[PDB]
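Heads up, the thing below is written out as structure tokens.
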Number of protein chains: 2
Amino acid sequence: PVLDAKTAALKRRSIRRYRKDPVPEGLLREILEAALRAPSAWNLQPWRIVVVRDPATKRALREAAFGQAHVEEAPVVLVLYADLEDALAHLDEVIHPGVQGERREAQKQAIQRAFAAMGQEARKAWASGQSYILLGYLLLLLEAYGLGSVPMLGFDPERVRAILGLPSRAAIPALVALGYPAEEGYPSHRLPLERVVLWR
Amino acid sequence: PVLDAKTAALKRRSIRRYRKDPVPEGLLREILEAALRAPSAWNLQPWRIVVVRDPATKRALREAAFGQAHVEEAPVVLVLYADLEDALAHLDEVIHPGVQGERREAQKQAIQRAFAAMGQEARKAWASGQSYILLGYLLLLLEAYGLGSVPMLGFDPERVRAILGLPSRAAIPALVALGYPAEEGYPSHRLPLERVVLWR
Ligand SMILES: Cc1cc2nc3c(=O)[nH]c(=O)nc-3n(C[C@H](O)[C@H](O)[C@H](O)COP(=O)(O)O)c2cc1C
Ligand SMILES: Cc1cc2nc3c(=O)[nH]c(=O)nc-3n(C[C@H](O)[C@H](O)[C@H](O)COP(=O)(O)O)c2cc1C
């Protein structure tokens with residue numbers, strides 16, 4: 001009974017306490033397959049995910065996340081990383097299958113030229129930005145399936161790269177702890193609509 | 001009959017041709033109120049939205065977006081901008097209402113200190129990243145309500161800032177054209193799950 005998207009967005013709160021029940025791999029795969037349909041500029045999809053269930057690795061990530069207890073307690077921690085260089089080395093995988101021959105090359109050169117003119121920090125920030133569209137899809141879908149989650153930026157990226165063996169060029173836009181909820185979550189407010197939106 | 005979140009994510013395609021029917025302001029406000037419940041680091045919510053319906057302004061934005069015709073043809077264009085300095089000047093609006101007295105100050109100083117040590121480009125990229133979580137929520141909700149959309153980065157940000165009178169420090173993570181669909185949209189692929197996800 002997956003929830004409608006409006007109820008999911010209005011009811012979500014971050015959850016930091018979880019039941020001890022495992023999350024079935026079949027259920028996780030259905031959620032990730034739907035979240036990976038998120039759109040990105042030029043269909044580049046620079047996002048990459050590590051699903052961490054091993055207890056020793058979760059304990060190591062808890063230390064990298066300044067001791068946040070939910071990293072170790074949740075049944076599953078997702079590491080969302082962005083690898084622009086892996087995307088650019090495999091551009092034929094993201095170009096539309098109908099766009100072939102000479103059209104494919106012109107699209108591929110325009111993309112390579114745009115990124116050849118950018119530094120390492122700018123590339124990481126661009127690929128991280130696109131990865132946050134996928135994060136928005138994933139948080140709404142986790143709520144719609146009845147799972148709780150907390151996205152995190154409070155961690156040392158150098159330690160996370162070392163524990164998992166990630167490339168030095170990768171950016172890590174978030175860790176996400178998830179599982180079946182054992183708490184309601186705290187009420188949080190948002191700015192009034194009229195403070196954020198201007199009508200023209 | 002808002003769609004369930006899984007069907008919305010799996011069926012969405014970008015739409016670039018629209019009917020001439022207007023989008024009622026009451027319907028737009030319900031969608032934006034649900035999308036503005038997206039989460040952000042420290043609840044900072046650095047996103048700001050301009051709803052553009054004026055025909056002359058849409059024509060000016062079409063030129064700024066290198067002539068993309070859907071900017072002028074859609075009934076509504078949303079301009080998503082990020083203003084980190086406006087968020088930091090009003091930190092009392094985002095701090096939890098129960099966190100008062102001395103606790104409020106310690107939270108506010110930690111936030112101000114983190115951003116005082118960053119340059120203008122880094123601040124814009126950080127606020128743009130958080131704004132893409134809201135973009136993910138908004139694209140899924142527009143599909144769930146039966147509207148079509150296309151998010152865009154193909155535009156000159158200096159021209160958009162001038163047309164709307166935005167601050168020089170603002171980043172513009174996307175323009176979004178939307179309306180009732182007049183086309184099915186093109187089929188697009190995503191990478192295989194096993195290419196993007198590693199199980200540990
Ligand atoms: C990108 C990002 C990073 C965040 N980092 C942390 C974190 O490191 N630890 C934590 O407990 N919550 C963290 N949060 C949770 C946010 O504080 C929270 O989403 C926000 O206060 C609104 O609360 P809600 O998610 O309950 O609606 C983060 C959220 C996002 C979107
Ligand atoms: C941040 C962003 C910027 C994009 N910019 C443009 C644009 O300037 N013009 C356009 O026609 N489509 C643009 N697109 C649409 C993308 O090409 C498209 O989302 C992707 O090819 C997958 O197609 P789908 O959205 O139909 O699933 C953009 C998408 C995103 C997410």
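Below, each value reflects all heavy atoms present in this structure, side chains not excepted, and no hydrogens, waters or symmetry copies. So you know, we letter chains A, B, ... as the sequences are listed, proteins then strands, and number each from 1.
- The distance from atom CG of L36(B) to atom CZ of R29(B), rounded to the nearest 0.5 Å, is 10.0 Å.
- Checked against the 6.0 Å centroid threshold, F115(A) and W126(A) count as a close aromatic pair.
- Between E72(B) and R62(B) there is a salt bridge, with a side-chain nitrogen of the basic residue lying less than 4.0 Å from a carboxylate oxygen of the acidic one.
- To the nearest 0.5 Å, atoms CD (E63(A)) and CG (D156(A)) are separated by 9.5 Å.
- Within the 4.5 Å cutoff, the side chain of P157(A) has heavy atoms near those of the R161(A) side chain.
- Using a 4.0 Å cut-off between a side-chain N of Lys or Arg and a carboxylate O of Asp or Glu, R195(A) and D86(B) qualify as a salt bridge.
- Summarising the geometry, atom CG belonging to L44(B) is positioned 7.0 Å from atom CH2 belonging to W42(B); distances are rounded to the nearest 0.5 Å.
- Between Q112(A) and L91(A) the shortest side-chain heavy-atom distance falls below 4.5 Å.
- Taking each heavy atom of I49(B) and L78(B) in turn, the nearest pair found is CG2-CD2, 4.3 Å.
- When the options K124(B), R48(B), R169(B) are evaluated for a side chain to side chain donor-acceptor pair (under 3.5 Å) with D83(B), the one that passes is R169(B).
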Worked verdict on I15(B) versus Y180(B) for side chain to side chain contact (heavy atoms under 4.5 Å, CB included): CA-CA 9 Å; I15(B) 295 305; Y180(B) 290 101; over 6 Å; no
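- Nearest approach of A182(A) to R19(A), heavy atoms of both residues: CB-N, 3.8 Å.
- The closest side-chain donor-acceptor pair between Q120(B) and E85(B) falls under 3.5 angstrom.
- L139(A) approaches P151(A) most closely through the heavy-atom pair CD1-CG, 4.2 Å.
- Counting non-hydrogen atoms of neighbouring residues, nucleotides and ligands closer than 6.0 angstrom, the CD atom of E158(B) reaches no more than 12 such neighbours.
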If you apply the rule side chain to side chain contact (heavy atoms under 4.5 Å, CB included), what do you find for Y81(B) with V50(B), and how did you get there? CA-CA 8 Å; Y81(B) 67 100; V50(B) 184; 3.8 Å; yes
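- A distance-only check finds a donor-acceptor pair linking the side chain of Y132(B) to the backbone of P173(B) [under 3.5 Å].
- Separating the CZ atom in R13(A) from the CD atom in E184(A) is a distance of 6.5 Å, to the nearest 0.5 Å.
- Around atom CZ of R104(A), more than 12 heavy atoms belonging to other residues, nucleotides or ligands sit under 6.0 Å away.
- No path of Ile, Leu, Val, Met, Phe, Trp and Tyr side chains, each step under 4.5 Å between heavy atoms, connects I111(A) with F66(B), placing them in separate hydrophobic clusters.
- Between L198(A) and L164(B) the shortest side-chain heavy-atom distance does not fall below 4.5 Å.
- Under the 4.5 Å side-chain contact rule for hydrophobic residues, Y186(B) and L178(B) do not share a cluster.
- Of the possible polar contacts, none joining the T7(A) side chain to the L3(A) backbone as a donor-acceptor pair under 3.5 Å is found.
- No hydrogens or angles considered: a donor-acceptor pair under 3.5 Å links the side chains of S149(A) and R12(A).
- The pair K6(A)-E30(B) meets the salt-bridge criterion, with a side-chain N (NZ, NE, NH1 or NH2) lying under 4.0 Å from an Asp/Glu carboxylate O.
- Under a hydrophobic-cluster definition in which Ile, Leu, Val, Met, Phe, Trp and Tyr are linked whenever side-chain heavy atoms come within less than 4.5 Å, directly or via other members, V99(B) and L88(B) are assigned to the same cluster.
- For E73(A) and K58(A), the salt-bridge test fails: no basic side-chain N is under 4.0 Å from an acidic carboxylate O.
- Counting heavy atoms from C-beta on, the side chains of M152(B) and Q68(B) come closer than 4.5 Å.
- By the 4.5 Å heavy-atom criterion applied to side chains, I133(A) and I133(B) are not counted as neighbours.
- Residues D92(B) and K108(B) form a side-chain contact, since some pair of their non-hydrogen atoms from C-beta on lies under 4.5 Å apart.
- In this structure, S131(B) and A127(B) approach most closely via the heavy-atom pair OG-O, 2.9 Å.
- Between the side chains of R113(A) and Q109(A), at least one donor N or O lies within less than 3.5 Å of an accepting N or O.
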Begin with the C-alpha distance, continue with both residues' side-chain angles, and end with the deciding distance and a verdict on salt bridge (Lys or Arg N to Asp or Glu O under 4.0 Å) for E33(A) and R190(B). CA-CA 10 Å; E33(A) 182 170 56; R190(B) 299 289 187 277; over 6 Å; no
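- One hydrophobic cluster holds both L193(B) and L138(A) under the rule that ILVMFWY side chains link at heavy-atom gaps under 4.5 Å.
- Considering all non-hydrogen atoms of both residues, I31(A) and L141(A) come closest at O-CD1, 4.2 Å.
- Using a 4.5 Å heavy-atom cutoff, the side chains of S14(A) and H70(A) are not in contact.
- Atom CD of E93(B) has more than 12 neighbouring heavy atoms from other residues, nucleotides or ligands inside a 6.0 Å radius.
- Atom CG of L175(B) sits about 9.0 Å away from atom CG of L80(B), to the nearest 0.5 Å.
- A 6.0 Å sphere centred on CZ of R159(A) holds more than 12 heavy atoms belonging to other residues, nucleotides or ligands.
- Between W47(A) and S40(A), some side-chain heavy-atom pair lies under the 4.5 Å cut-off.
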With side chain to side chain contact (heavy atoms under 4.5 Å, CB included) as the test, would you mind laying out the steps for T57(B) and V77(B) before giving the verdict? CA-CA 10 Å; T57(B) 304; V77(B) 173; over 6 Å; no
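- Judged by distance alone, with hydrogens and angles left aside, the side-chain atoms of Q130(B) form no donor-acceptor pair with the main-chain N or O of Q45(B) at under 3.5 Å.
- Residue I172(B) comes nearest to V79(B) through the heavy atom pair CG2-CG1, 4.1 Å, listed as atom of the first residue, atom of the second, then distance.
- Under the 4.5 Å side-chain heavy-atom criterion for ILVMFWY residues, no single connected hydrophobic cluster contains both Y137(B) and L10(A).
- Between the side chains of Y18(B) and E183(B), no donor-acceptor pair of N or O atoms lies under 3.5 Å.
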Dump the intermediate steps for side chain to side chain contact (heavy atoms under 4.5 Å, CB included) on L61(B) and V52(B), then the final yes or no. CA-CA 10 Å; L61(B) 285 176; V52(B) 179; 4.2 Å; yes
